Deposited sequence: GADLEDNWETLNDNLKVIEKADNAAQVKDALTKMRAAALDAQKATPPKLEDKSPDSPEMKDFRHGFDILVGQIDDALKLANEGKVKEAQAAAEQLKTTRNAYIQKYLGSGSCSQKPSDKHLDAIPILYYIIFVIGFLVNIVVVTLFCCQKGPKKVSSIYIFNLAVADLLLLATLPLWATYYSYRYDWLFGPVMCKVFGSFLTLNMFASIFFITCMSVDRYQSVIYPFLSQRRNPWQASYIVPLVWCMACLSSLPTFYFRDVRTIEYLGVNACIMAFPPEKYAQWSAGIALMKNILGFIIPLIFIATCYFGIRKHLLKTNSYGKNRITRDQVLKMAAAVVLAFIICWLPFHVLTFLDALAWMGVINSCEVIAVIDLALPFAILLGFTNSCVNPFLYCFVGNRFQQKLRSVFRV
């Protein structure tokens, strides 16, 4: 007897019609749908409870269900005439109006691309070249290297390739933003380069974790080169890319171009099943926090504080303090650079999830989330500019200062 419940009754009876053999089954399902549509018509949308009954938005709201009942009656006519297949075809027209509802009222849409800043496209390209240069230096340095590479370098290389490949998609999103969320590259490049981003970004976050584990292993076990298993890197590297691949599978199944009518543009969005669009957006958002921040941060944090106590356990010399503090400074940078770059995006992601769940119905809050999302998304890309400084460039100084305190 609620708007959310009235739409579940409708989309559930839509399925009954699609799998039916006689017109009596269709007639029965359509009868329930007509009652739900009329009842839903008497349900103010929760996100705009403030708006008065006669506001033009509540006029278009109740009107959407008049179009719906009109289609439900046209199908009932065919079903009463024993035209089961004709009625089923008419029910396809209902999914078209149901799609119009979830865009207009369900989610962020009820509160436009006309919040466009010229800065974002400028900033996105700035990070692109800056990141592509520092990361093309990381890989090229390996050519000029003069020493024995530890398994750590394997993670440095894979971290840079992922950073380069995800940074390589920044021009797509800068142009996508400059054209007010109107995808021009085609429907295949939205599903492809949309998942390709999520793929390399999970890989980037998963390899950052491998680095924090390896460095924690380096402090607790000084003889780690011999202590290692030669095959471990041969197993860990494939495993990371596969975990990143599995983590981005939802993007590949759903990421596709869909036409936003009221905006008149072709957007590259997550095309969830409309009958469960809110539940997926909330669920997928929460898996972004867990797999992409919570679980990762549990490793970096544990590895850091595990390094911190070990260094505090060895000695207390006044000079060795300098060598041990520089290691703590370098271990404290990866953990801080990760939360500074990623905590903004994931907080907004969690809040957006609380919106799809119905907790945050404030439009002023949802507007702030939408206005701050492109900047938070940029800090995520920025950690790809900070990774070269955190590992590669300070990689020679890390190994040396452990061999000093382990003399």
query: Sequence ranges without modelled C-alpha atoms (deposited numbering); finding: 1, 113 to 115, 412
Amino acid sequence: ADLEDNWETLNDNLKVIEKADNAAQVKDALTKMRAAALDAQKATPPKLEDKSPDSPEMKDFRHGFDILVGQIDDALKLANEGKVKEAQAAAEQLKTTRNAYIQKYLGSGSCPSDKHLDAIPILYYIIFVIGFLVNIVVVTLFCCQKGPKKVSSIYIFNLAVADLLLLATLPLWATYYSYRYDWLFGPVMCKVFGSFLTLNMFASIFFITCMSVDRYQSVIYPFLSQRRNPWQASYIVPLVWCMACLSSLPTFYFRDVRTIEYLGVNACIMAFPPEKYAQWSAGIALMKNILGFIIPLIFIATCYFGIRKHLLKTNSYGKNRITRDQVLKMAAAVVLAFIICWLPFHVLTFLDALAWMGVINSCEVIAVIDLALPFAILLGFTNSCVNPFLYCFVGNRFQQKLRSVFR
From here on, numbers count along this sequence of modelled residues.
query	finding
Which of 331 to 339 and 98 to 106 has higher mean CA B factor, as the PDB entry lists it	98 to 106
Between the two ranges 284 to 292 and 246 to 254, the one averaging a larger CA B factor in the entry	246 to 254
Out of 31, 382, 55, 349, highest CA B-factor residue	55
Residue selected from 77, 150, 180, 309 by maximal Cα B factor	150
Record-listed C-alpha B factor of residue 23: chain third	highest
Residue 196 CA temperature factor, ranked by third within the chain	lowest
Chain-relative CA temperature factor third for residue 356	lowest
Residue 277, C-alpha B-factor rank within chain (lowest, middle or highest third)	middle
Third of the chain, ranked by Cα B-factor, where residue 237 sits	middle
